[PDB]
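Report on one structure; see the data block that follows.
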Amino acid sequence: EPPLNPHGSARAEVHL
Amino acid sequence: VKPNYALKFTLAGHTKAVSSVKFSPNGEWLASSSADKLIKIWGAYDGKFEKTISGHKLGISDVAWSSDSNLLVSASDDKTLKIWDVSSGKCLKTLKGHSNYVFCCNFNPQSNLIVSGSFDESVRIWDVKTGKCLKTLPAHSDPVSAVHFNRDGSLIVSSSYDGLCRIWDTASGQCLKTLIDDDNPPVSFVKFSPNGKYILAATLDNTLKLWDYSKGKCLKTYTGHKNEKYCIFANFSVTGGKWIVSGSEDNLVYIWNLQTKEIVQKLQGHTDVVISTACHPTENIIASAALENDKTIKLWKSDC
């Protein structure tokens, strides 16, 4: 199975 | 004058969020980077897919062109930058040193240097030929959101979640200025104006500001868009009317009159956050790119 949270890139994620 | 940007092409191919789009200085190409670990090259005028450049081990947050349009640098979650020869697809150098995600990158106008910003809170200056880190600046106290050289390469501007914009002497590594207004929301993007006189800064309170660098004062404020979460690129558009261009978290591209601060156009079509916009060096062309639930790049063209 693929990972639940495929690693993407920091810019595409929300930094708290 | 108001522009009349109209949708020309939609570029599909990335399989995850697009993170950054940039036009080559010679005007021939658009580079896109993505969370899918890839850089793609497309024709600037016809939107035609050219090639994929690959090698990073995790997603890419930024990409930048050398002045002769022959090299790219990319900043990755794999903690490295890579310098690429675009024609051969070869990774010329891997720039190692950062201890956390590399978020932003740019070549200097001479293109013998690269500046990078990282989640490790540092700004690094690298030699393009050797791939060696020349300087590590203790730039900020939170992740560095943007780094940009001014037009003669003598200054670097950096921004951070720490709420500051800082300006650095490229030669010495010395901080020459810290810019802060009447509050310190996270600064999510900065860049110098083409003539080097101003800095455009985005903050995560739905605001863009034009700063006079020398005076150290905010001259213009742009509002109306949504930006509280992501580090969205903004631009000076100078080929026709003088605009400010930015993406937005309401999925639109916003265009403002630089002097009057009025919204002059909103470009509709993307289905997720518009994380990146870029303006063509000679023609009135805007590229826009969106996040994971969209995955496309759009090219828009205007008469002015």
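Just so it is clear, none of the values below were taken in a lab; they were calculated from the coordinates. With ideal geometry, Cβ positions are generated from the backbone for all residues, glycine too; neighbour counts draw on all protein chains shown.
With a cut-off of 14 Å between beta carbons, the residues surrounding B:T239 carry a summed charge of 0, where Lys and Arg count +1 and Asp and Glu -1. Using only alpha-carbon positions in the protein assembly as shown, the gyration tensor eigenvalues give semi-axes of 25, 24, 19 Å once each is multiplied by 5 and square-rooted (largest first). Within straight-line reach of B:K37, meaning a Cα separation under 16 Å, sit the following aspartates and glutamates at least 8 residues removed in sequence or on another chain: A:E13, B:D62, B:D77, B:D78, B:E292. Annotation: Cα Rg of chain B relative to the compact-globule expectation 2.2 N^0.38 Å equals 0.90.
Taking the inverse of the mean reciprocal distance over all distinct Cα pairs, the Kirkwood hydrodynamic radius of segment B:88-176 comes to 12.9 Å. Projecting the Cα atoms of B:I275, B:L291, B:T239 onto the charge dipole of segment B:188-304 (Cβ charges, centred on the Cα centre) puts B:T239 farthest toward the positive pole. A cut-off under 12 angstrom between Cβ atoms defines the neighbours of B:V264, and their net charge, with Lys, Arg +1 and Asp, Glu -1, is +3.
Given their separation in residues at 0.36 nm each and the Cα-Cα distance between them, B:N184 and B:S214 gain 8.8 nm when the chain is fully extended. Computed from point charges on the beta carbon alone (+1 for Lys and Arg, -1 for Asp and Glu), the dipole magnitude for segment B:191-304 about its Cα centre is near 460 Debye. Filter the cross-link list B:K90/B:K129; B:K16/B:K261; B:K242/B:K298; B:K8/B:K261; B:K177/B:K226; B:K266/B:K301 down to pairs whose alpha-carbon distance in this structure exceeds 24 Å. With Cα atoms farther than 24 Å apart: B:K16/B:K261; B:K8/B:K261; B:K177/B:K226. Across all directions, the shadow cast by the convex hull of segment B:20-69 built on its C-alpha atoms averages 3.2 square nanometres. Percent of C-alpha pairs per 5 Å bin in segment B:185-269, short distances first: 3, 16, 28, 28, 17, 6, 1, 0.
Taking Cβ atoms as reference points and 15 Å as the exclusive limit, the residues near B:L113 contribute a net charge of +2, counting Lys and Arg as +1 and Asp and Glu as -1.
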